[PDB]
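Structure file final-v9.txt (compact mmCIF, C-alpha atoms and all ligand atoms) is printed below.
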```txt
# COMPACT_ATOMS: atom_id res chain seq x y z
CA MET A 1 -26.87 181.55 19.18
CA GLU A 2 -25.42 184.76 20.65
CA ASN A 3 -25.44 184.06 24.37
CA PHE A 4 -22.99 181.15 23.87
CA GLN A 5 -19.27 181.36 23.58
CA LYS A 6 -18.42 178.25 21.59
CA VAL A 7 -15.40 176.71 23.37
CA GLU A 8 -14.59 173.35 21.79
CA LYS A 9 -16.06 170.89 19.34
CA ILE A 10 -16.67 167.69 21.14
CA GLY A 11 -18.33 165.57 18.59
CA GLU A 12 -20.43 164.41 15.63
CA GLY A 13 -23.94 163.40 16.63
CA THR A 14 -26.38 161.51 14.42
CA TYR A 15 -28.26 164.82 13.98
CA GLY A 16 -25.53 167.50 14.36
CA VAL A 17 -22.19 168.61 15.89
CA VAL A 18 -21.94 169.15 19.53
CA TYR A 19 -19.90 171.96 20.95
CA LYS A 20 -18.83 172.63 24.42
CA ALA A 21 -19.94 176.21 25.13
CA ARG A 22 -20.21 178.85 27.83
CA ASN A 23 -23.50 180.46 28.50
CA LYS A 24 -22.57 184.10 28.67
CA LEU A 25 -25.77 184.92 30.62
CA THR A 26 -25.26 182.46 33.44
CA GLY A 27 -21.60 181.62 33.20
CA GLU A 28 -22.40 177.97 32.92
CA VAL A 29 -20.65 175.36 30.78
CA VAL A 30 -22.91 173.43 28.46
CA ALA A 31 -23.13 170.98 25.60
CA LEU A 32 -24.60 172.66 22.64
CA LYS A 33 -26.14 170.45 19.95
CA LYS A 34 -26.82 172.03 16.57
CA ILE A 35 -29.42 170.15 14.51
CA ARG A 36 -30.40 170.18 10.86
CA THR A 41 -31.59 173.21 8.94
CA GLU A 42 -34.70 173.98 6.88
CA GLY A 43 -37.39 173.79 7.87
CA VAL A 44 -37.70 172.23 11.11
CA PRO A 45 -41.13 170.65 11.65
CA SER A 46 -43.73 171.62 14.24
CA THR A 47 -44.09 168.06 15.53
CA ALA A 48 -40.33 167.64 16.04
CA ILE A 49 -40.46 170.87 18.13
CA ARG A 50 -43.54 170.06 20.10
CA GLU A 51 -42.09 166.64 20.91
CA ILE A 52 -38.65 167.92 21.77
CA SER A 53 -39.94 170.81 23.86
CA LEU A 54 -41.60 168.53 26.21
CA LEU A 55 -38.52 166.49 26.87
CA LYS A 56 -37.62 169.55 28.96
CA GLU A 57 -39.84 168.07 31.56
CA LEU A 58 -38.57 164.56 31.43
CA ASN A 59 -36.09 164.96 34.34
CA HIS A 60 -34.12 162.27 36.26
CA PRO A 61 -30.56 161.92 37.76
CA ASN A 62 -29.65 159.45 35.07
CA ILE A 63 -31.02 161.26 31.95
CA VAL A 64 -28.73 164.07 30.88
CA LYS A 65 -30.59 167.30 31.50
CA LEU A 66 -32.06 169.17 28.52
CA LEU A 67 -31.57 172.86 29.60
CA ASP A 68 -33.25 174.54 26.66
CA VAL A 69 -34.45 174.25 23.06
CA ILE A 70 -33.80 177.11 20.70
CA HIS A 71 -35.35 177.23 17.33
CA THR A 72 -33.84 179.89 15.14
CA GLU A 73 -34.43 180.67 11.61
CA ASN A 74 -33.71 177.96 10.72
CA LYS A 75 -31.73 175.44 12.75
CA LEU A 76 -32.56 173.80 16.11
CA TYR A 77 -30.22 174.24 19.04
CA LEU A 78 -30.41 171.90 21.99
CA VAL A 79 -28.47 172.88 25.03
CA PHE A 80 -27.63 170.19 27.55
CA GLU A 81 -25.73 169.87 30.76
CA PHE A 82 -22.07 169.06 30.18
CA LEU A 83 -20.56 165.57 30.99
CA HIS A 84 -16.82 164.97 30.46
CA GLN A 85 -16.77 161.60 28.61
CA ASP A 86 -18.72 158.69 27.16
CA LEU A 87 -18.76 155.00 27.82
CA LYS A 88 -17.08 153.99 24.62
CA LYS A 89 -13.88 155.96 25.44
CA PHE A 90 -13.88 154.81 29.00
CA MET A 91 -14.11 151.17 27.76
CA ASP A 92 -11.31 151.75 25.37
CA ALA A 93 -9.16 153.19 28.16
CA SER A 94 -10.04 150.32 30.45
CA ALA A 95 -8.96 147.86 27.82
CA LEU A 96 -6.22 145.90 29.48
CA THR A 97 -8.08 145.97 32.69
CA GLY A 98 -11.69 145.71 32.16
CA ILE A 99 -13.92 147.97 34.09
CA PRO A 100 -14.13 146.49 37.59
CA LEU A 101 -17.22 144.45 38.27
CA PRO A 102 -18.54 146.82 41.10
CA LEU A 103 -18.47 149.67 38.69
CA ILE A 104 -20.06 147.55 35.99
CA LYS A 105 -23.07 146.78 38.05
CA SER A 106 -23.30 150.30 39.45
CA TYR A 107 -23.50 151.68 35.95
CA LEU A 108 -25.94 149.00 34.88
CA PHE A 109 -28.09 149.74 37.90
CA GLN A 110 -28.20 153.50 37.25
CA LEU A 111 -29.02 153.04 33.55
CA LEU A 112 -31.67 150.69 34.53
CA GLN A 113 -33.17 153.28 36.87
CA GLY A 114 -33.04 155.91 34.14
CA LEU A 115 -34.70 153.58 31.73
CA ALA A 116 -37.46 152.59 34.20
CA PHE A 117 -38.33 156.27 34.68
CA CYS A 118 -38.64 156.87 30.89
CA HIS A 119 -40.59 153.78 30.29
CA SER A 120 -43.11 154.61 33.02
CA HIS A 121 -43.90 157.67 30.92
CA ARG A 122 -43.87 155.57 27.76
CA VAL A 123 -40.85 157.15 26.19
CA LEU A 124 -38.44 154.83 24.46
CA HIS A 125 -34.91 155.80 23.64
CA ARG A 126 -34.52 153.18 20.84
CA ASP A 127 -30.87 153.84 19.77
CA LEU A 128 -28.92 153.05 22.92
CA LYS A 129 -25.07 152.52 22.50
CA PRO A 130 -21.89 153.24 24.42
CA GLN A 131 -21.23 156.58 22.96
CA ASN A 132 -24.49 158.04 24.17
CA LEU A 133 -24.03 156.93 27.67
CA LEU A 134 -22.13 159.86 29.43
CA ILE A 135 -20.11 159.74 32.64
CA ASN A 136 -18.83 162.22 35.22
CA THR A 137 -15.99 162.23 37.68
CA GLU A 138 -18.32 161.69 40.65
CA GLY A 139 -19.37 158.29 39.25
CA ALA A 140 -22.78 158.89 37.68
CA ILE A 141 -23.76 157.77 34.22
CA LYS A 142 -26.53 159.18 32.16
CA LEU A 143 -28.61 158.47 29.02
CA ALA A 144 -28.13 161.05 26.19
CA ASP A 145 -30.32 161.57 22.98
CA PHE A 146 -33.42 160.24 24.75
CA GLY A 147 -36.49 160.79 22.65
CA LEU A 148 -34.44 162.56 19.99
CA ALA A 149 -33.90 159.22 18.49
CA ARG A 150 -37.49 158.79 17.38
CA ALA A 151 -38.45 162.41 16.95
CA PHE A 152 -36.27 162.75 13.84
CA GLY A 153 -34.69 159.53 13.12
CA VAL A 154 -32.91 156.87 12.97
CA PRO A 155 -31.05 157.34 9.62
CA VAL A 156 -28.62 154.74 8.44
CA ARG A 157 -26.20 157.54 7.62
CA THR A 158 -25.65 160.47 9.97
CA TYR A 159 -25.38 164.03 8.71
CA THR A 160 -21.64 163.21 8.19
CA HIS A 161 -22.57 160.11 6.10
CA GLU A 162 -21.16 157.97 8.94
CA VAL A 163 -22.86 154.53 9.04
CA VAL A 164 -25.11 154.32 12.15
CA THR A 165 -24.37 151.36 14.21
CA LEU A 166 -26.52 148.12 14.08
CA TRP A 167 -24.76 146.36 16.95
CA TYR A 168 -27.31 147.05 19.66
CA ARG A 169 -30.50 146.80 17.62
CA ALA A 170 -33.19 144.45 18.82
CA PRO A 171 -34.20 141.54 16.55
CA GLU A 172 -37.84 142.55 16.17
CA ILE A 173 -36.59 145.78 14.59
CA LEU A 174 -34.27 143.92 12.31
CA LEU A 175 -37.22 141.64 11.32
CA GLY A 176 -39.21 144.69 10.33
CA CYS A 177 -41.66 145.35 13.12
CA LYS A 178 -43.12 148.94 13.12
CA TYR A 179 -44.70 148.87 16.51
CA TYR A 180 -42.03 147.87 18.94
CA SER A 181 -42.00 148.36 22.65
CA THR A 182 -39.81 149.56 25.53
CA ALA A 183 -38.27 146.09 25.32
CA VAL A 184 -36.07 147.48 22.51
CA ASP A 185 -34.01 149.43 25.09
CA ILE A 186 -33.61 146.41 27.34
CA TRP A 187 -32.13 144.40 24.45
CA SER A 188 -29.63 147.20 23.75
CA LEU A 189 -28.56 147.61 27.42
CA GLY A 190 -27.88 143.84 27.64
CA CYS A 191 -25.58 143.94 24.60
CA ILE A 192 -23.71 146.80 26.32
CA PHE A 193 -23.51 144.85 29.61
CA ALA A 194 -21.90 141.91 27.84
CA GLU A 195 -19.50 144.26 26.08
CA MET A 196 -18.32 145.62 29.40
CA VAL A 197 -17.63 142.24 30.96
CA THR A 198 -15.89 140.73 27.90
CA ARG A 199 -14.23 143.90 26.48
CA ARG A 200 -15.56 142.92 23.10
CA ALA A 201 -18.77 143.84 21.31
CA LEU A 202 -21.33 141.06 21.55
CA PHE A 203 -22.90 141.27 18.00
CA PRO A 204 -20.72 143.48 15.70
CA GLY A 205 -22.82 143.24 12.54
CA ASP A 206 -22.03 145.22 9.46
CA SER A 207 -25.40 144.93 7.63
CA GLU A 208 -28.83 144.00 8.80
CA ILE A 209 -28.69 140.46 7.80
CA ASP A 210 -25.19 139.99 9.12
CA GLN A 211 -26.35 141.52 12.38
CA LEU A 212 -29.27 139.30 12.43
CA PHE A 213 -27.39 136.14 11.63
CA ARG A 214 -24.84 136.94 14.30
CA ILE A 215 -27.59 136.95 16.80
CA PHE A 216 -28.89 133.57 15.51
CA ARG A 217 -25.49 131.92 15.65
CA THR A 218 -25.35 132.72 19.36
CA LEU A 219 -28.93 132.49 20.60
CA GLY A 220 -30.22 129.94 18.03
CA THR A 221 -32.39 130.65 15.06
CA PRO A 222 -35.77 131.67 16.66
CA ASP A 223 -38.93 129.68 15.97
CA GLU A 224 -42.56 129.64 16.86
CA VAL A 225 -41.93 127.85 20.12
CA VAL A 226 -39.48 130.28 21.66
CA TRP A 227 -41.07 133.31 19.94
CA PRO A 228 -44.80 133.15 19.04
CA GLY A 229 -45.29 135.17 15.95
CA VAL A 230 -41.65 135.19 14.61
CA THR A 231 -42.72 133.45 11.40
CA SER A 232 -45.16 136.23 10.58
CA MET A 233 -42.66 139.12 10.81
CA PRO A 234 -42.26 141.27 7.64
CA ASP A 235 -38.62 140.42 6.97
CA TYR A 236 -38.65 136.83 8.26
CA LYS A 237 -37.61 134.27 5.63
CA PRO A 238 -38.28 130.49 5.81
CA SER A 239 -34.87 130.17 4.25
CA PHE A 240 -32.91 131.55 7.23
CA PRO A 241 -30.33 129.05 8.26
CA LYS A 242 -31.09 127.24 11.44
CA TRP A 243 -28.30 127.40 14.04
CA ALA A 244 -28.56 125.92 17.45
CA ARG A 245 -28.41 127.95 20.63
CA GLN A 246 -24.98 128.30 22.28
CA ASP A 247 -24.23 127.47 25.86
CA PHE A 248 -24.38 130.79 27.60
CA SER A 249 -21.34 130.27 29.80
CA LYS A 250 -19.12 130.64 26.93
CA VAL A 251 -20.65 133.85 25.59
CA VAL A 252 -19.89 136.01 28.65
CA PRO A 253 -17.07 134.40 30.72
CA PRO A 254 -16.46 134.90 33.55
CA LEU A 255 -19.74 136.53 34.73
CA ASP A 256 -21.11 134.78 37.74
CA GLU A 257 -24.40 132.99 37.71
CA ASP A 258 -26.53 135.95 38.77
CA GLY A 259 -25.03 137.95 35.89
CA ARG A 260 -25.87 135.30 33.32
CA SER A 261 -29.41 134.85 34.60
CA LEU A 262 -30.01 138.58 34.18
CA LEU A 263 -28.25 138.84 30.80
CA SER A 264 -30.20 136.01 29.22
CA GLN A 265 -33.46 137.43 30.52
CA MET A 266 -32.53 140.78 28.81
CA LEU A 267 -31.81 138.86 25.63
CA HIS A 268 -35.05 136.79 25.36
CA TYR A 269 -36.34 136.79 21.74
CA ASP A 270 -39.96 137.33 22.53
CA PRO A 271 -40.26 141.00 23.54
CA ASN A 272 -43.17 140.14 25.81
CA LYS A 273 -40.98 137.82 27.77
CA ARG A 274 -37.97 139.75 28.25
CA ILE A 275 -37.46 141.33 31.58
CA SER A 276 -38.45 144.90 32.31
CA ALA A 277 -36.24 147.73 33.69
CA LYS A 278 -38.31 147.79 36.80
CA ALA A 279 -38.13 144.06 37.27
CA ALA A 280 -34.43 144.00 36.44
CA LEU A 281 -33.78 146.34 39.30
CA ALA A 282 -35.01 143.67 41.67
CA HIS A 283 -32.72 140.89 40.32
CA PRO A 284 -30.33 139.17 42.75
CA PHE A 285 -27.34 140.41 40.79
CA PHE A 286 -27.83 143.83 42.43
CA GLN A 287 -27.96 142.43 45.95
CA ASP A 288 -24.59 143.96 46.70
CA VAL A 289 -24.56 147.03 44.45
CA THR A 290 -21.93 149.68 45.43
CA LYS A 291 -21.38 153.16 44.27
CA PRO A 292 -17.97 153.30 42.77
CA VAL A 293 -16.44 156.48 41.44
CA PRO A 294 -14.35 156.33 38.28
CA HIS A 295 -11.37 158.47 38.82
CA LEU A 296 -10.50 159.77 35.51
CA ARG A 297 -8.39 161.99 33.32
CA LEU A 298 -10.01 165.19 32.08
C1 LIG A 301 -24.39 163.37 20.26
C2 LIG A 301 -23.65 162.30 21.10
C3 LIG A 301 -24.72 161.60 22.00
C4 LIG A 301 -22.90 161.31 20.17
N1 LIG A 301 -22.66 162.95 21.98
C5 LIG A 301 -22.55 163.89 23.07
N2 LIG A 301 -23.77 164.51 23.22
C6 LIG A 301 -23.94 165.41 24.24
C7 LIG A 301 -25.29 166.02 24.48
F1 LIG A 301 -25.35 166.51 25.71
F2 LIG A 301 -25.40 166.95 23.59
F3 LIG A 301 -26.19 165.09 24.29
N3 LIG A 301 -22.95 165.73 25.11
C8 LIG A 301 -21.68 165.18 25.05
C9 LIG A 301 -20.65 165.56 26.02
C10 LIG A 301 -19.34 164.97 25.95
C11 LIG A 301 -18.97 163.98 24.90
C12 LIG A 301 -17.54 163.50 24.84
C13 LIG A 301 -16.37 164.37 25.16
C14 LIG A 301 -14.98 163.94 25.21
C15 LIG A 301 -14.69 162.56 24.90
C16 LIG A 301 -15.81 161.70 24.52
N4 LIG A 301 -15.57 160.39 24.13
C17 LIG A 301 -17.20 162.13 24.50
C18 LIG A 301 -20.05 163.60 23.92
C19 LIG A 301 -21.41 164.16 23.96
```
Take the structure I supplied and represent it as structure tokens, if you would.
Amino acid sequence: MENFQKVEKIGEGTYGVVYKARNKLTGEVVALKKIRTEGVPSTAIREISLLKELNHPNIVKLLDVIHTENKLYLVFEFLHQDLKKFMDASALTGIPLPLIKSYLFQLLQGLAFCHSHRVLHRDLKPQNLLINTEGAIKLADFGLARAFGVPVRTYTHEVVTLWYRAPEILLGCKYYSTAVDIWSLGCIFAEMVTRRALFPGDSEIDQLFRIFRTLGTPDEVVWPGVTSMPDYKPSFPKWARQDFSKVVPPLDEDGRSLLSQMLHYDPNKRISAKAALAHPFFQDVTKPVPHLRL
């Protein structure tokens, strides 16, 4: 597009590159995503257009959609970094606990807002949570995820990650719920306290068996229905559930209560965003600022 000085490339999305740009109309700085090519479908457009009205402090704002002859451009507010890089920088340290539960609390607000309008994200992961220098964190690629996608390669042939994918999706359910995003957020929570990914699978069945080694192989008592799932196999090994105080040391007890409720197998039993926001863990939630290099 012509009203946009492209300043810097700042990434490979699942759908396209992202540039930092200046809007030469308004003088604003912007993240410009440039998606696909021919010929982009009606339904993608109609869906994505109306994301312009899904606004909240913790969703990154979608400023405009441009469809031109024949790519899609999405232009977003600009945030200076993502969670994965901040975790890598905080490696010897760990993000402080106050800042962990601040971020978790904000994401959990952003999620409750989306789920009250029945939109799922469904591909939540550290690199599409975006942070600023004032201490906010925001959900990016909301609704894109399942307007186009999710491919197992991106447009760069990059493998998309499995690490945060809920088990009902791995077991081949078509009609999953907002509980999907709660599973993912819980994996990310554990990765912040431990500084290590919780379930770093490198295929679907590896991913799936890594969950089983830690939470036990699921059955009909803990999850009614499991046994009927498309990709369930009688022949799955049966591991026993691990004691939860070694999975996420040294979270305190309120942190492990919350985590395990976000990681229940049965997606009807795991906790909602709304309900999570009432959990005792957030009794003393602060608002830390990351101070940050930029
Ligand atoms: C597509 C993907 C979600 C992977 N990434 C990003 N998407 C968008 C958005 F606004 F276009 F969504 N804006 C972004 C803004 C900044 C960054 C960014 C910039 C510098 C360092 C790191 N680690 C991430 C990544 C972004």
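Here the question is which of A:77, A:90, A:227, A:240 gets nearest to residue 53 in chain A using all atoms listed in the file, and that residue is A:77.
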Surrounding residues of range 224-226 of chain A excluding itself and chain neighbours under 4 positions, 10 Å, all atoms listed in the file, as a list in words: residues 220, 230, 231, 232, 268, 269, 270 and 273 of chain A
Exercise. What residues have an atom no more than 8 Å from (-26.4, 144.6, 35.8) in the file's own frame, counting all atoms listed in the file, and can you write them as number ranges by chain?
Worked result: A: 104-109, 193, 259, 262-263, 285-286
What are the closest atom pairs, with distances in Å to one decimal, for all residues of chain A lying within 7 Å of ligand LIG 301 (chain A)? Consider all atoms listed in the file, order rows by chain and residue number, and present the result as CSV.
```
residue,atom,partner,partner_atom,distance
A:10,CA,A:LIG301,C13,5.2
A:11,CA,A:LIG301,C18,5.9
A:12,CA,A:LIG301,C4,6.0
A:13,CA,A:LIG301,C1,3.7
A:14,CA,A:LIG301,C1,6.4
A:18,CA,A:LIG301,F2,5.8
A:31,CA,A:LIG301,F1,5.0
A:32,CA,A:LIG301,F2,5.8
A:33,CA,A:LIG301,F2,5.1
A:64,CA,A:LIG301,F1,6.6
A:79,CA,A:LIG301,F2,6.8
A:80,CA,A:LIG301,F1,4.7
A:81,CA,A:LIG301,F1,6.1
A:82,CA,A:LIG301,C9,5.6
A:83,CA,A:LIG301,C9,5.0
A:84,CA,A:LIG301,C10,5.2
A:85,CA,A:LIG301,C17,4.2
A:86,CA,A:LIG301,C17,4.6
A:88,CA,A:LIG301,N4,6.6
A:89,CA,A:LIG301,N4,4.9
A:131,CA,A:LIG301,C4,5.7
A:132,CA,A:LIG301,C3,4.2
A:134,CA,A:LIG301,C10,6.8
A:144,CA,A:LIG301,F3,4.9
A:145,CA,A:LIG301,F3,5.6
```
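Of the listed residues A:36, A:47, A:128, A:29, the one whose atoms come nearest to residue 158 in chain A is A:36, with distances taken using all atoms listed in the file.
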Exercise. Enumerate, as JSON, numbers by chain, the protein, DNA and RNA residues whose atoms approach (-27.0, 125.8, 19.5) to within 12 Å, taking into account all atoms listed in the file and the coordinate frame of the file.
Key: {"A": [215, 216, 217, 218, 219, 220, 221, 222, 242, 243, 244, 245, 246, 247, 248, 250, 251]}
Convert the current residue selection to file output with C-alpha atoms, as a short mmCIF file (atom, residue, chain, number, x, y, z; two decimals), in the frame of the given file.
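File part-v1.cif, as written:
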```cif
data_model
loop_
_atom_site.label_atom_id
_atom_site.label_comp_id
_atom_site.auth_asym_id
_atom_site.auth_seq_id
_atom_site.Cartn_x
_atom_site.Cartn_y
_atom_site.Cartn_z
CA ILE A 215 -27.59 136.95 16.80
CA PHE A 216 -28.89 133.57 15.51
CA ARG A 217 -25.49 131.92 15.65
CA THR A 218 -25.35 132.72 19.36
CA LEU A 219 -28.93 132.49 20.60
CA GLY A 220 -30.22 129.94 18.03
CA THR A 221 -32.39 130.65 15.06
CA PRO A 222 -35.77 131.67 16.66
CA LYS A 242 -31.09 127.24 11.44
CA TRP A 243 -28.30 127.40 14.04
CA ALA A 244 -28.56 125.92 17.45
CA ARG A 245 -28.41 127.95 20.63
CA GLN A 246 -24.98 128.30 22.28
CA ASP A 247 -24.23 127.47 25.86
CA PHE A 248 -24.38 130.79 27.60
CA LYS A 250 -19.12 130.64 26.93
CA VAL A 251 -20.65 133.85 25.59
#
```
Across A:116, A:44, A:92, A:35, the smallest distance to residue 280 in chain A, with all atoms listed in the file counted, is shown by A:116
Of A:275, A:293, A:67, A:76, the one sitting nearest residue 112 in chain A when using only C-alpha atoms is A:275
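Note that CA of residue 159 in chain A and CA of residue 65 in chain A are 23.6 Å apart.
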- Spatial neighbours of residue 153 in chain A, max dist 9 Å, all atoms listed in the file, sep filter under 4 positions, as a list in words: residues 14, 15, 148 and 149 of chain A
Write the residues you've just listed into a file as a PDB file, in the coordinates of the input, and include C-alpha atoms for each of them.
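part.pdb was written with the following content:
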```
ATOM      1  CA  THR A  14     -26.380 161.510  14.420  1.00  0.00           C
ATOM      2  CA  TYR A  15     -28.260 164.820  13.980  1.00  0.00           C
ATOM      3  CA  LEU A 148     -34.440 162.560  19.990  1.00  0.00           C
ATOM      4  CA  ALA A 149     -33.900 159.220  18.490  1.00  0.00           C
TER       5      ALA A 149
END
```
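Here CA of residue 94 in chain A is placed at a distance of 23.7 Å from CA of residue 127 in chain A.
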Centre, edges in Å (one decimal): axis-aligned box, range 266-275 of chain A, 5 Å padding on all six sides, as lines of an AutoDock Vina configuration file:
```
center_x = -37.5
center_y = 139.1
center_z = 26.7
size_x = 21.4
size_y = 14.5
size_z = 19.8
```
